[PDB]
Each structure stands twice: as C-alpha cells, then as structure tokens.
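# Summary of the model geometry
For reference, the chains in residue letters:
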Amino acid sequence: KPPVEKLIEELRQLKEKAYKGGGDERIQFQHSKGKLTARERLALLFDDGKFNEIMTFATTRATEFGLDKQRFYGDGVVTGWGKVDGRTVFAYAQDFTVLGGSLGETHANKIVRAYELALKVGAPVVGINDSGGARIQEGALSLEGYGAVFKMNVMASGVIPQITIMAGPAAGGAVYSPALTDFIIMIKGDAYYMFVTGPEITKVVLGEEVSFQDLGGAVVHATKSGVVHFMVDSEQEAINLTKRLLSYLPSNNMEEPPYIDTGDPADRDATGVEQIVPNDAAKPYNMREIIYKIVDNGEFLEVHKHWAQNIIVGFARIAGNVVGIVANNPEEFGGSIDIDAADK
Amino acid sequence: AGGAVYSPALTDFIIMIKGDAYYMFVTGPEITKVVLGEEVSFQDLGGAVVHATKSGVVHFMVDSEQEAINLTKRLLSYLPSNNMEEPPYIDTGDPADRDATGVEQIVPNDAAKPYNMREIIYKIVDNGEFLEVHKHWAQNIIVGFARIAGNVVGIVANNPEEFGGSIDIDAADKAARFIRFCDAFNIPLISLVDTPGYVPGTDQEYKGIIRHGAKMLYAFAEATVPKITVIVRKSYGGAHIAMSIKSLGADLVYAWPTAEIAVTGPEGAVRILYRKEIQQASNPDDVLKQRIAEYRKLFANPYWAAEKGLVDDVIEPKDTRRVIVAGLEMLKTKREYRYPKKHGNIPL
Amino acid sequence: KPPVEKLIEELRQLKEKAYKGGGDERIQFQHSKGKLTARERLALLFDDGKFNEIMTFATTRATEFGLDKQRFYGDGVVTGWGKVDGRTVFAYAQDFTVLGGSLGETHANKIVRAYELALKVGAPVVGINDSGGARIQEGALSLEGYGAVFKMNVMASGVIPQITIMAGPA
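Residues numbered from 1 in each chain as written, not as in the entry; some residues may be left out. Chains lettered and ligands numbered in written order. Part of a larger assembly, values for the part shown. Heavy atoms only, no water.

### Looking at the overall build of chain C
- On a plain count of helices and strands, chain C comes out with five helices and five strands.
- Shown N-terminal to C-terminal, the secondary structure of chain C runs as helices and strands in the order α-α-α-β-β-β-α-β-α-β.
- Computed over the C-alpha atoms, the radius of gyration of chain C is 16 Å, within 12% of the 15 Å expected from 2.2 N^0.38 for a compact globule of 170 residues.
- Projecting the C-alpha coordinates of chain C onto the three principal axes gives extents of approximately 50 × 40 × 35 Å.
- Counting only residues that meet the buried cut, chain C has 49% of its 170 residues in that class.
- Looking at chain C alone, contacts between residues at least 24 apart form 72% of all its contacts between residues at least 6 apart. (Helix = DSSP H or I, 4+ residues; strand = E, 2+ residues; numbered from the N terminus. Rg over C-alpha atoms; globule rule 2.2 N^0.38 Å. Buried < 20%, exposed > 50% of the residue type's maximum accessible area, 1.4 Å probe, protein only. Contact = heavy atoms within 4.5 Å.)

### Some details on the side chain of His59(B)
- Along the chain, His59(B) falls in the loop between α4 (48-55) and β2 (60-62).
- The contact partners of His59(B), leaving out residues within four places of it in the chain, are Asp12(B), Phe13(B), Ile14(B), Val133(B), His134(B), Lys135(B) and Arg177(B).

### Comments concerning the interface of chain A and chain C
- Taken together, the contact between chain A and chain C spans four residues of the former and four residues of the latter.
- Area buried by chain A at its contact with chain C is led by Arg61(A), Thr63(A) and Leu141(A), which between them contribute 90% of it.
- The partner of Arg61(A) in a salt bridge is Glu105(C), with the nearest N and O atoms 3.0 Å apart.
- Applying the counting rule to chain A against chain C returns one residue pair in polar contact.
- A per-class count over the side of chain A that touches chain C returns one nonpolar, one polar and two charged. (Buried area = accessible area lost by both parts, 1.4 Å probe. Salt bridge = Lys/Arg side-chain N within 4 Å of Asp/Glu carboxyl O. Polar contact = N/O pair within 3.5 Å; in protein donor to acceptor, adjacent residues only side chain to side chain. Nonpolar A, V, L, I, M, F, W, Y, C, P; charged D, E, K, R; others polar.)

### A closer look at the pairing of strand β11 (residues 311-318) of chain A
All names here are of chain A.
- A large share of β11 lies buried, amounting to seven of its eight residues.
- Strand direction decides the pairing type here: strand β10 (residues 301-303) and β11, joined by three bridges, are antiparallel. Across the sheet, the residue bridging to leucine 301 is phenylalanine 315, located in β11.
- Connecting the antiparallel pair β11 and strand β12 (residues 321-328) is a turn made up of two residues, with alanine 319 showing a positive phi of about 65 degrees. (Pairing = 2+ DSSP bridges.)

### Re helix α3 (residues 38-45) of chain C
All names here are of chain C.
- Buried within α3 we find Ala38, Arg41 and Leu42. The arc that holds the buried residues of α3, viewed along the axis, is 100 degrees, so those residues lie on one side.
- Turning to α3, the residues buried within the fold contact α2 (24-32), β2 (77-84), β3 (87-94) and β4 (125-129). (Arc of directions from axis to C-beta.)

### Regarding the packing of aromatic side chains
- In this structure the tally under the stated criterion is 31 aromatic pairs over all chains.
- When the centroid spacing of 5.0 Å and the interplanar angle of 40 degrees are considered together, the rings of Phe181(B) and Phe185(B) count as tilted.
- An aromatic cluster is defined as three or more aromatic residues linked by ring pairs; in this entry it consists of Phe13(B), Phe60(B), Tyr78(B), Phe145(B), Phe178(B), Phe181(B) and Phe185(B).
- Residue placement shows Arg147(B) over the ring face of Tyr78(B); its charged tip is 4.9 Å from the ring centre.
- Across the ring face of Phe96(C), the terminal group of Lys35(C) is positioned such that the distance to the ring centre comes to 4.8 Å. (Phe/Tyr/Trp six-rings, centres within 6.5 Å; stacked < 30°, edge-to-face > 60°. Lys NZ or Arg CZ within 6 Å of the ring centre and 35° of its normal.)

### Observations concerning the interface of chain B and chain A
- Of the residues lining the interface, 46 residues belong to chain B; the matching set on chain A comes to 48 residues.
- Inspection of the chain B/chain A interface yields one salt bridge.
- Across the salt bridge formed by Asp343(A) and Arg211(B), the nearest N and O atoms sit 3.4 Å from each other.
- Taken together, the connections running from chain B to chain A amount to 15 residue pairs in polar contact.
- If you tally residues by element for the side of chain B that touches chain A, the top one is helix α9 (residues 209-222) of chain B, at nine residues.

### So, the packing of helix α3 (residues 38-45) of chain A against helix α10 (residues 235-248) of chain A
All names here are of chain A.
- Where α3 contacts α10, the two axes come as close as 10 Å, and the packing angle between them is 40 degrees. When the axis of α3 is compared with that of α10, the two are oblique. Here the hand of the crossing between α3 and α10 comes out right-handed. Residues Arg41, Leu44 and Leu45 of α3 lie in contact with α10, whose contacting residues are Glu235, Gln236, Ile239, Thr242 and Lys243. (Axes fitted to C-alpha atoms, helices over the stretch in contact; angles between N-to-C directions. Parallel < 35°, antiparallel > 145°, perpendicular 65-115°, else oblique. Left-handed = near helix turned anticlockwise from the far one by under 90°.)

### Things to note about the nonpolar core
- If you look at the biggest cluster of nonpolar residues, it comprises 155 residues, and the most contacted ones within it are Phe145(B), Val156(B) and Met216(B).
- Tallying contributions element by element places helix α5 (residues 140-156) of chain A first for this core, with eleven residues.
- Grouped together as the second largest cluster of nonpolar side chains are 52 residues, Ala96(B), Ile148(B), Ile155(B) and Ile111(C) included. (Core = buried A, V, L, I, M, F, W, Y, C linked by side-chain atoms within 4.5 Å.)

### Points about unusual backbone geometry
- Backbone geometry at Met55(A) places phi at a positive 50 degrees, although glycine is not the residue there.
- Note that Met55(A) resides in the loop between β1 (52-53) and β2 (77-84).

### As for the packing of helix α4 (residues 105-121) of chain C against helix α5 (residues 139-156) of chain C
Residues and elements named next belong to chain C.
- Between α4 and α5, the shortest axis-to-axis distance is 8 Å and the interhelical angle comes to 15 degrees. What the angle tells us is that α4 and α5 run roughly parallel. Considering only the axes of α4 and α5, their crossing is left-handed. Between α4 and α5, the contacting residues are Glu105, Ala108, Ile111, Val112, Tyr115, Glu116 and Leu119 on the first element and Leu141, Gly145, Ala148, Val149, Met152, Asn153, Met155 and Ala156 on the second.

### Let's talk about the sheet that holds β2(C)
- If you walk across this open sheet you meet the five strands as β1-β2-β3-β4-β5 (chain C), and the pairing is mixed. This sheet does not close on itself; its edge strands, each paired only once, are β1 (52-53) and β5 (162-166) of chain C.
- Contacts from helix α15 (residues 320-331) of chain B reach β1, β2 and β3 of chain C within the one sheet, and its direction differs from that of β2(C) by about 75 degrees.

### Things to note about the sheet that holds β12(A)
Residue and element names in this part refer to chain A.
- Here three strands make up an open sheet; going across it, the order is β10-β11-β12 and the pairing antiparallel. The open sheet has two free edges, formed respectively by β10 and β12, since each of these has just one partner strand. When strand polarity is set aside, the average angle formed by the axes of neighbouring strands in this sheet is 25 degrees.
- Here α10 sits on the sheet and contacts β10, β11 and β12; the angle it forms with β11, its principal contact strand, is near 70 degrees.

### Thoughts on the pattern of salt bridges
- Within this structure, the stated rule accounts for 48 salt bridges over all chains.
- Its salt-bridge partner being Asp267(A), residue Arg268(A) comes within 2.7 Å of it at the nearest N-O pair.
- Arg268(A) sits in the exposed class, given a relative accessible area of 55%.
- For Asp267(A), a relative accessible area of 62% gives the class exposed.
- The salt bridge involving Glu316(B) is made with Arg12(C); its shortest N-O contact spans 3.5 Å. Separated into two different chains, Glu316(B) in the loop between β10 (313-314) and α15 and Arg12(C) in helix α1 (residues 4-18) make up a pair that spans both.
- Classification of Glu316(B) by relative accessible area gives buried; the value is 15%.
- The network of salt bridges with shared partners includes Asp251(B), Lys334(B), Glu336(B), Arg338(B) and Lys120(C).

See the structure below:
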C-alpha cells in the first residue's frame with residue numbers, strides 16, 4: 001500500500017464506517033422509538049459543529065461469545081470534549097445501536113479516560129446514557145469496567161460538576177454511575193427507565209409482575225424514589241436543560257459560579273411580596289411566588305421539582321450572581337420537613 | 001423528643017437501653033391524638049426496639065444502663081482517640097500463623113444451602129471476638145469490629161441467612177456508614193463475599209435502592225485505609241462491585257475455591273445470552289437448563305477472574321487468616337492520593 | 001461439582017502446574033545454562049523462601065500468533081512481596097521458561113501492580129530481570145506495557161529504592 005492520497009481516502013471511509021455505529025437500519029430503529037443517536041445528541045449539546053473525539057476506533061478485545069467477530073469501532077460509546085456556550089466540558093454518549101449500548105471493558109475505559117482528562121483540566125462531564133447494561137459476553141471484565149468508572153465518579157465528586165442524561169433503558173450496573181453523579185436528567189417515555197434488578201427476576205424471585213415503566217420509569221424516579229433530579233419530555237429538552245444547568249455552575253470547585261446576563265437593577269420592589277403571606281400562621285400560599293419576586297427576572301431552575309414538594313430547592317441569580325435556594329413549601333405537608341425533603 | 005434526637009444522630013454510634021423510660025422520636029404522639037385519633041405509645045413510636053430493628057437509628061441495644069456503659073468502654077477499646085491515631089493494638093497477637101481448620105467446613109454442598117457467616121469470621125479473627133454493629137438491623141449484611149494479629153479491623157460480610165445475602169437499601173446504608181467511619185479512623189477493612197445481587201421489586205426501586213446502593217460504592221472508592229476482599233462464594237453483578245473489587249480500590253483480592261464471580265446470576269445471564277442460538281437445538285427441554293450448567297462450569301468459578309488478573313490469588317479457606325495478616329501487615333503504611341475538595345457529594 | 005474438599009484438591013493441582021512455568025523440559029534448559037528459575041531466585045532472596053504472590057494465575061489476553069494456545073499461568077513473571085532480613089520488600093522475577101520471559105501486556109501489568117503497591121506502602125522493589133525483550137506476538141501492546149513500567153520507575157525514583165538483578169539476555 002503506497003500512495004498517501006489513497007491512504008487518506010481510506011481513512012475517510014473508515015471514519016464514515018465508524019460513525020454509522022450499528023448501521024442505518026438500527027439507527028432508523030432508534031429513531032422510530034423517538035430517540036436520537038449518540039452522535040446526534042452530542043452535536044445538539046456542543047457548540048454545534050464541533051466535538052473532539054478520543055479513542056474513536058478503539059474496539060473490544062474480548063473473544064468469547066463471538067465478540068471476536070463483532071468489532072464495532074468505538075466499542076459502543078463516543079467520548080471526547082467540546083465547547084458548551086464557549087466553555088469546555090467533557091462528555092460520553094453511549095450508542096444503543098452497538099450491542100444495546102452494553103458496557104464493554106474497552107467501552108468503560110474510554111469513559112474512564114474522559115473522566116481522567118476532565119479531572120486533570122478541571123472541566124465538567126455530562127454522560128448521555130443509553131445502555132441496556134453490562135456486556136454479559138465479557139463476564140467479570142464488564143463489572144470491573146463499571147467499577148473503574150464508579151471510581152472516577154467518586155474521585156471527581158465535588159471537584160467537577162457531573163451531570164447524567166438518562167436517555168436509555170438502564171438495568172443493573174448501568175444504574176450506579178448516574179447515581180454517583182450530581183444531577184440526573186431523565187426523559188419520560190417507554191424507551192427510558194432504570195432499575196437495579198429487572199422485572200423478569202423480580203418475578204421468579206418475588207413473584208410480582210411489573211412493567212418496565214412501573215418499576216423504574218422516569219416518573220417513579222422523579223416523583224417517588226428521588227433518584228432523578230429533572231424529568232423532561234424530550235431529548236432536545238434534556239440537552240437544553242443540561243446547557244441551562246451548566247450555565248449556573250463553575251467549571252470546577254476552584255472557580256466561582258459565572259456572573260451573567262444583566263437585567264437587575266438591584267433595588268428591590270416595594271409592593272406585592274408582603275401581600276402573599278396570609279394572616280393566619282397555618283394557611284398555605286405560594287412560596288415560589290416569593291422566590292420569583294426576589295430573583296433576577298423571576299427565573300428559577302428547580303431541582304427535584306416533582307419529588308418532596310415538601311421543600312423547594314433550585315438555582316437562580318441575584319443581581320447577576322448564582323445562588324442556591326432552600327425554601328419550605330406551605331402547599332405540601334404545610335411546609336413540615338420530611339425524610340424525602342431532608343434528603344433533597 | 002424533638003431536638004434531643006439530632007445530636008445523637010450526628011454522632012457515630014448510639015447505644016440504647018431497652019425499657020419504658022422511652023427513647024426517641026422527632027415528633028411525639030400527642031399531635032397524632034389531636035388531629036387524628038391513633039393513640040401510639042412511646043415504645044411503639046420510638047422504642048429502642050423500633051430503632052435497633054427498623055429505623056436503624058440505634059447501633060446497639062442493651063438491657064440495662066450498666067450494660068450501656070460497659071459496651072461503651074468496649075467500643076472505645078476498638079477506637080483510636082482521634083484522627084491522627086492508629087487504632088489500639090492489644091493481646092500480644094502470637095496466633096498469627098495459620099487459621100484453625102474446619103473453616104472450609106462451614107460452606108455447604110451447593111450454593112443453595114445457607115450457613116452462618118459469623119462462623120467464618122469467628123474462625124478468622126483473634127479469639128473469635130467480634131463486636132457487631134447494627135446487629136438487629138439490615139441483617140442481610142454483617143458489620144463490626146474485631147482484631148487480627150492484635151490489630152483492629154472492620155468487617156463487611158454478606159449474610160447467607162437473610163434475604164440470601166442479597167443487599168438491600170437498609171443494608172447499603174448500614175455497610176456504607178460503617179465503611180466511612182472505619183476509613184476516617186484508620187481502621188482497615190475486610191470484605192467477606194457471598195451475595196447474589198440486590199433485593200428486587202418496586203418496593204426497593206421506589207425507595208431509591210439506586211441511590212442507597214451507590215453509597216457503598218462511594219464509601220469503598222473513597223476509603224484509603226487498607227482494603228482486602230475475601231470472596232467466600234457468590235459475588236454477582238453490582239453486589240460484586242459493591243463489596244470492593246480492584247477497579248473500585250481493593251488493595252488485595254482473594255477467593256476461596258468455592259467462589260463464583262459472575263457478571264449476573266448464572267441463569268439471568270443465559271436467558272439474555274442464549275436464545276437465537278439455542279431455542280433451536282437437538283432437544284427442546286434439555287438445552288433449556290443444560291446451558292445453565294454450561295455457564296457455571298465455564299464461569300461459576302474464581303479462575304476465570306484470576307486469569308484476568310481481577311483476583312490476586314485463589315487460596316484454601318484454611319489460609320484466610322494468614323493471608324489477611326500478611327496483607328494487612330504489608331498495607332499498614334499505605335498512603336493514597338485524593339483530589340482536593342471541600343468534600344464530595346455522596347448520594348443521600 | 002458439589003465437594004468443596006475436591007475444589008481445594010483442584011486448586012493445589014492448578015497451582016502445582018502454575019509453579020512449573022514453562023515445564024520441566026524448559027526448567028532443565030534454564031538450568032543447563034547455569035541459571036536458577038524465577039522462583040528459586042525468590043526463595044533465596046526472601047526469608048524462609050516465603051513470598052506473598054499477587055496475580056498468580058493472570059494470563060495473556062492476546063489471541064494472535066498462537067498466543068491463544070500458549071497461555072501460561074502468571075504470564076511469565078512472578079510478582080509479590082516478602083521480607084528480607086525482616087523488612088518488607090517487593091519484587092518481580094521474570095520466568096525465561098515462559099516465552100523467553102518476554103514482556104507481555106499482562107506480564108507488564110503485574111510488574112506495574114507490584115510497583116504501585118510498593119510505592120503506596122513505602123517498600124523497596126527488587127527486579128530480578130530475565131527476559132529477551134518485547135513479546136513480539138503482542139505487538140505495540142507490549143511496548144505500551146514497557147512504558148507503563150518505565151512510568152512507575154520514574155514516579156518511584158527517589159521515593160523508594162529500586163534494585164535490579166540482571167539475570168538474563170536483555
């Protein structure tokens with residue numbers, strides 16, 4: 001093989017091959033469920049038109065169960081970094097079309113490598129999940145892979161913001177890395193859910209029969225378990241939300257939350273606010289109305305909105321600077337604090 | 001009652017005497033009588049029994065004040081005075097060489113038969129002494145203090161007699177808290193493994209097993225004190241990882257010849273794995289549970305893992321004490337890097 | 001298989017086989033050259049010849065060039081720690097009877113793991129070298145393996161004493 005001109009043409013073909021993941025048929029299948037592909041989600045998230053991928057051709061090294069034949073470039077996950085609103089952030093996007101987005105050993109190390117880089121340079125990491133779980137074909141090495149990523153989640157905990165977009169059907173170990181990150185944004189729908197143990201086992205073991213959505217759909221986690229922090233209707237909304245969430249956070253624990261969009265003035269009001277609180281000491285009112293009245297342009301990104309409405313917490317800006325707010329909600333439990341609320 | 005319960009909650013251990021001179025609750029029953037009409041006695045609401053067996057607020061339940069004080073002194077004996085101190089050494093640990101056999105006798109014929117995991121730890125540690133923490137709560141996991149060759153150790157062991165050693169939400173809370181404590185106070189951690197995974201059902205998902213379970217993962221990954229895992233039998237899926245493996249930070253990993261480390265239970269694995277292949281094979285029933293035997297023969301062992309380097313060595317049960325003693329003596333001066341932060345954001 | 005008493009039996013056989021490395025035919029060849037085997041050197045170095053070994057059964061992951069056939073336990077190197085004159089010391093001893101003691105990926109990762117443990121614990125490391133070089137059959141993965149060892153040597157430089165015994169055709 002001599003000419004370089006032919007060499008570059010070969011590269012272009014190989015990359016175009018790698019980009020297809022599991023193939024046009026499978027991506028159309030992903031699309032027919034209402035989901036976007038791993039790469040389409042990334043292009044939406046990053047200042048469109050740019051993503052720096054690492055270990056793009058990396059494949060699996062397993063040989064058992066035919067894995068010696070199924071060598072998909074990238075091993076099921078896209079990893080790298082880009083700019084989100086001009087700021088550097090890292091991300092991984094699992095490709096469900098590549099062996100159900102299962103967690104391969106090489107698949108895990110690519111994610112781990114992203115976390116190691118984000119930790120070295122102090123940049124956030126958003127994991128766009130879409131994995132059925134461990135790659136059973138790789139046995140114990142698959143679990144070890146999970147362990148390695150969990151390790152990175154803990155080391156990065158409180159050092160660099162960690163946001164997960166749960167955009168798939170997570171079971172078993174695929175559930176824990178998200179638990180270890182700071183915020184879980186999940187889309188509600190038939191195609192999205194997460195649980196440690198699937199329904200099939202709860203049957204033979206427990207004896208109880210339940211649907212995937214009733215066991216771990218977006219609604220159960222955003223309204224009962226407290227596992228999900230933000231529940232949304234679509235993937236486009238999930239990524240717009242992540243962009244908004246990131247806008248309130250520093251790139252790492254060595255930076256102050258970014259100052260932003262004017263529109264203060266800082267001189268408060270004079271009326272309204274004092275009219276909200278009832279005469280009685282027990283009658284409910286809208287605590288959220290008081291927050292909107294206090295913060296810049298009344299904007300409030302509410303965390304755990306649908307879980308334990310018992311208390312309210314979220315982000316906002318006051319005269320351009322980021323603040324976190326914790327406020328008792330009279331409308332639920334009379335503002336009485338509770339187990340779920342204390343956790344939230 | 002009220003504010004009087006929170007300081008104790010914030011401390012590391014609560015020893016409570018069982019008796020009518022009540023105990024604790026954030027809000028008394030009085031309010032429940034005014035609004036509704038469900039009279040509840042002090043004991044039923046916050047008795048030592050409810051807190052040691054249900055809420056997990058109480059770590060030790062005793063029958064008298066003299067017992068609470070004696071236990072306090074005993075607990076103190078396993079603890080260093082502070083942060084910069086190493087736990088206190090004691091009874092001239094001579095019996096460091098080889099564990100008394102019979103240990104491999106505790107584990108039954110097939111993994112279908114249970115056994116008392118404490119029987120195994122009694123044989124491993126000094127004089128069989130073990131101070132069990134949270135003894136009557138989340139019994140599917142065993143957690144407590146002991147001495148090995150004179151040095152204090154913290155143990156986290158699955159209990160085959162409760163929920164089949166499967167980890168629960170309460171168990172994860174129990175084990176994770178005990179792990180963070182030991183680490184903060186330089187107490188080495190020994191993990192004894194025999195768990196099929198986590199307890200299933202909406203009941204567990206609805207109450208957030210996803211976040212409670214991650215607490216164990218966080219605790220071990222966080223800990224920098226010496227950590228050795230001894231896999232006695234089953235070690236499946238997430239449970240396997242939650243007990244401490246190399247990628248999560250285990251310094252040394254050992255397995256008895258009876259260990260079975262599987263990515264998933266050997267059935268749940270074949271039922272997602274085998275179908276297109278076998279659903280069409282010689283026999284329609286044979287090949288239905290025949291490959292379930294296949295997996296086990298091919299993976300329900302520790303050797304596959306040992307070949308992958310995931311397990312440092314396969315040892316004879318009898319050797320467990322010596323292996324621990326050697327490993328702990330070698331890790332005594334262990335030091336590990338952790339990234340600067342005010343603190344982490346452990347799931348709650 | 002239900003007898004645990006039979007499992008302890010298998011273990012002892014498997015280990016008996018792992019201690020053999022390349023086999024009696026290879027060990028006699030090593031001996032014919034006037035050299036000891038990896039384990040004999042370690043028994044001489046450590047008090048009472050005792051050594052706590054790590055990753056005893058670890059084998060190559062490679063498949064190309066018949067490596068899916070030649071999968072010896074330990075992948076050509078014995079790694080672990082022990083005491084010499086009562087002090088904790090870490091060490092690796094390459095086994096020439098296993099693929100010319102060449103540096104396979106797993107083989108390199110056992111040496112790296114030893115160095116990580118020694119460096120984390122403040123113990124010296126003794127390297128009884130006896131290998132012809134890179135394991136050609138594992139290609140660039142073997143080179144990657146070397147770099148990982150070299151990195152450990154550098155991090156450990158001036159932190160822990162590093163002594164190497166050159167006992168082979170490097």
